[PDB]
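What follows is a set of notes on a single structure, which appears directly below.
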Amino acid sequence: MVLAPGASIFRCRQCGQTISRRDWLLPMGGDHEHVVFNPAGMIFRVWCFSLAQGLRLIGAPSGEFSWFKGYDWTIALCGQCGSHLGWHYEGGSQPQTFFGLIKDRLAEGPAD
Ligand SMILES: O=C1CC[C@H](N2C(=O)c3ccccc3C2=O)C(=O)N1
Ligand SMILES: [Zn+2]
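For PDB author numbering, add 12 to where a residue sits in the sequence shown, where the first one is 1.
Right, dumping it as structure tokens:
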């Protein structure tokens, strides 16, 4: 516990929608940070979270190109502005589900 913490909540960088919390970071494979690339060669610094809110999960899951063995992904947009914030992963084991969010698309700041 700290008084007046400034690194508590992650919001959408583009609009401020509440998305996640530092307390919910999830060390997948021993690290909450996973640096990965997609088939279009884009590099993402992905932070894994157990939980997130304020997103909209688009479509149905796919296992194609999944960065996390045993998980299928759905695109996760900011539910307010539509910014692509990351992916929701499901269908796996321990945990069954989690979120992989793009670190530089979030803003971190004080609690609400
Ligand atoms: O775990 C994942 C999530 C999605 C992701 N990915 C993308 O970022 C992407 C962009 C364009 C076409 C196809 C893909 C897809 O598989 C990817 O490569 N792995
Ligand atoms: Zn947003």
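For every residue, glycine included, the Cβ atom is placed at its ideal position computed from N, Cα and C.
Examine the Cβ distances between the region 45-56 and the region 17-29 and report whether three or more of them are shorter than 8 Å.
no
Could you pull the start and end residues of the beta strand (DSSP E) that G71 belongs to?
Within the sequence shown, residue 71 is the residue found at index 59, counting from 1. Where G71 is concerned, the enclosing beta strand (DSSP E) stretches over 67-74.
Just tell me which of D35, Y83, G91 has its CA closest to the CA of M13.
The count along the sequence shown starts at 1 and reaches residue 13 at position 1. For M13, the nearest C-alpha among the options comes from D35.
Leaving out five residues before and five after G104 in sequence, what residues of the same chain have Cβ atoms less than 6 Å from its Cβ?
Walking along the sequence shown from the start, residue 104 turns up at place 92. Here the set comprises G82, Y83.
Cβ of residue 125 within 9 Å of Cβ of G66?
Residue 125 falls outside the range modelled here, since the chain spans only 13 to 124, and no answer is possible.
I'd like the list of long-range same chain contacts for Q92, defined as Cβ closer than 7 Å, with 5 residues on each side in sequence excluded.
For the purposes of this step, residue 92 is identified with residue 80 of the sequence shown, where counting begins at 1. Only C24, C27, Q29, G66 meet the Cβ criterion.
Give a single yes or no on whether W79 has its beta carbon closer than 8 Å to a heavy atom of ligand 1.
Your numbering for residue 79 matches position 67 in the sequence shown. Within the cutoff, so yes.
Spatial distance of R68 from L15 (CA atoms):
Taking the sequence shown and counting its residues from 1, the one referred to as residue 68 is at position 56. Taking the sequence shown and counting its residues from 1, the one referred to as residue 15 is at position 3. Answer to the nearest angstrom: the Cα atoms are 33 Å apart.
Near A123, which residues of its chain fall below 6 Å by C-beta distance, leaving aside the five closest residues on each side in sequence?
Your numbering for residue 123 matches position 111 in the sequence shown. For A123, where only same-chain residues beyond five positions count, the Cβ hits under 6 Å are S20, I21.
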